[PDB]
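There is one chain below, alone, in structure tokens, taken in the form deposited in one PDB entry.
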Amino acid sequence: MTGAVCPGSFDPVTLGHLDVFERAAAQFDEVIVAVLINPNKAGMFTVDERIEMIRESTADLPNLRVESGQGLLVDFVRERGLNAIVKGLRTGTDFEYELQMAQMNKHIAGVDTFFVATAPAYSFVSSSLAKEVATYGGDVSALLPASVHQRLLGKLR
């Protein structure tokens, strides 16, 4: 009974994230996407909206579910009986930042972290940059799930 948690703010989920979800879901029996609620940033979408967007985009993944999360990620992981985190990485800078978190998380709770390399086609997409470009009129429709994109257009208009 293997399993992994995929955390993020996902504000909104991108095709880069979806690619990671698909790859995690192909290698672990159970995947939980953890939408991390931060009260020190509302962001663009509500936690409810983010969850909904991810659920819509992951319907073809039978072994994946989506839940909101607060507090220590390692507590989220262990309270669900798991002890692995899966995250995507774009750059060596990402790796150095996530290395520190991964080692801390292993130290405090025995939770391991597995990283995957970004899909080449989505190397430059981040939720933040997608929102920024879209805000000023750039076409990001090829970078986001179809559902998300329409919802993003809504938030701007």
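Take the two forms, find the largest set of C-alpha atoms that superpose within 1.5 Å, and that set is the rigid core. From 1 onward, residues are counted along the sequence shown.
The following text describes the form deposited in another entry, which does not appear among the structures shown.
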| query | finding |
| --- | --- |
| Sole member of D94, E67, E132, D29 with a C-alpha shift of at least 2 Å between this form and the one not shown (core-superposed) | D94 |
| Distance direction in the other entry for the C-alpha atoms of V140 and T91, relative to the displayed form (3 angstroms or more) | closer |
| Outcome for the Cα pair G92, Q103 in the other entry, compared with this form (closer or farther; change of 3 Å or more) | farther |
